[PDB]
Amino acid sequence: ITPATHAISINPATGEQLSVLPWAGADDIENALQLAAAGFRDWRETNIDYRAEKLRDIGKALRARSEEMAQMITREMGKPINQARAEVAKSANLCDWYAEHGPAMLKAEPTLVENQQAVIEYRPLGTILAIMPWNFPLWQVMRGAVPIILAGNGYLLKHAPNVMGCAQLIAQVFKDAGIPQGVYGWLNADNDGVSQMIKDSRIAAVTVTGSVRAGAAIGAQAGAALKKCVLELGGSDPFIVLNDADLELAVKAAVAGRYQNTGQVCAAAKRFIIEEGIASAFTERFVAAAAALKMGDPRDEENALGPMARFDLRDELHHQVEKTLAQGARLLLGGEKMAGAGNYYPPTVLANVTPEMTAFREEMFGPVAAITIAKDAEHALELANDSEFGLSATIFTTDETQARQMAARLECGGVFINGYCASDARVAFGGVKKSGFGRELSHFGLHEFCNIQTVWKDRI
């Protein structure tokens, strides 16, 4: 069994093979598209309040399998078990939040046209094809699926090939909730199967969460097929610390921001840009706090980090570390693959990272922090924006005026001032530049895949 024929699950903590699943054939793809078409046809006619109730049924079904879901996440991609439980809880609360606030976001919108002649309606678009990654096997799916389905659309998941056990579990949860299989479906399609579905008329639009290379390859096919796409393609988020900052809170938020999910977060704090006056105190405190993180078996709740999900990606990450050191960076912590059958990489800190270095120009999708010195606040802003990515950012300073001014000049989709960066249903999510385009969550995730339809009566 090889990836050329099957999707393979391997426990990254032990290296043992878990499951295999062959790619969907031509009959599977045709059957999936037929049921998605029939499902949307009936789902688009349901009441908005009925769909809001079905969202609550999803949240109830998810909580009824919360531990079964979290264990599957931890087993397949190595997430610490309490972070997998938090992912389940966050995904279930998302169902309840959209159930309460979603309908009001989908109400018809009045216009300034006289005599109440014109309103704006949010109509369903069709079946949305979703390409999702492995770092949050449940949350990445629910973040789009919940608002997409509430808007009357269908959702067809093409999950990452190393988390198909999570994909089947999610499908079972939707089945438990009474969601018709044409409204929520899934396929184990290879890249050619995705290309075929993008060209198929039964797919209305596409959404992609993954690498820059995956978004560029899929975004070109969606544009060629005249399908709207939303791309969320990770980032290299800057974490700015000025001299007047709450240093202790900044270090806590820096450590959590970088090493959450063993570093494998799109909006993780990756480029730490510290003003020169406070850089020595920050660096020493950051290394001390990163060194206090326990790493090991993700089923053991005492471990803050588990193994990295993919063996090839740990090799890639370590190669990036070696290149950055060879270019002139200094190693302050970790920086070597752990011996054993597990895919473990320890918390790592690189200092003296200049903008020409690998760890500054590429996404470090693992437990490796890069620390860059800034001459002043203007240099820090320039350093923050000197990146191909632009998903999110953090600024730590007690001068809230300068913080508001820097936020307005940061080329990214989210700015956190003196706090922990995270995605939340109540705020928009998504970035600019090579991080992609399109916004998720809040009312943005509801409207991105809606036919915004003007209805105008008696225009005479």
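We number the residues from 1 along the sequence you see.
- Comparing the deposited coordinates for 116-124 and 363-371, the stretch with the larger average C-alpha B-factor is 116-124.
- Remark: stretch with higher mean C-alpha B factor among 19-27 and 439-447 is 19-27.
- Take 271, 319, 258, 90 and read off each C-alpha B-factor from the entry; 319 has the highest.
- Highest CA B-factor among 187, 251, 293, 349, as stated in the entry: 187.
- The deposited CA B-factor of residue 181 belongs to the highest third of values across its chain.
- The PDB entry assigns residue 433 a C-alpha temperature factor belonging to the middle third of its chain's modelled residues.
- The entry lists a Cα temperature factor for residue 231 that places it in the lowest third of the chain's modelled residues.
- Among the modelled residues of the chain, residue 67 sits in the middle third by CA temperature factor in this PDB entry.
- Annotation for residue 342: C-alpha temperature factor in the highest third relative to the rest of the modelled chain, per the entry.
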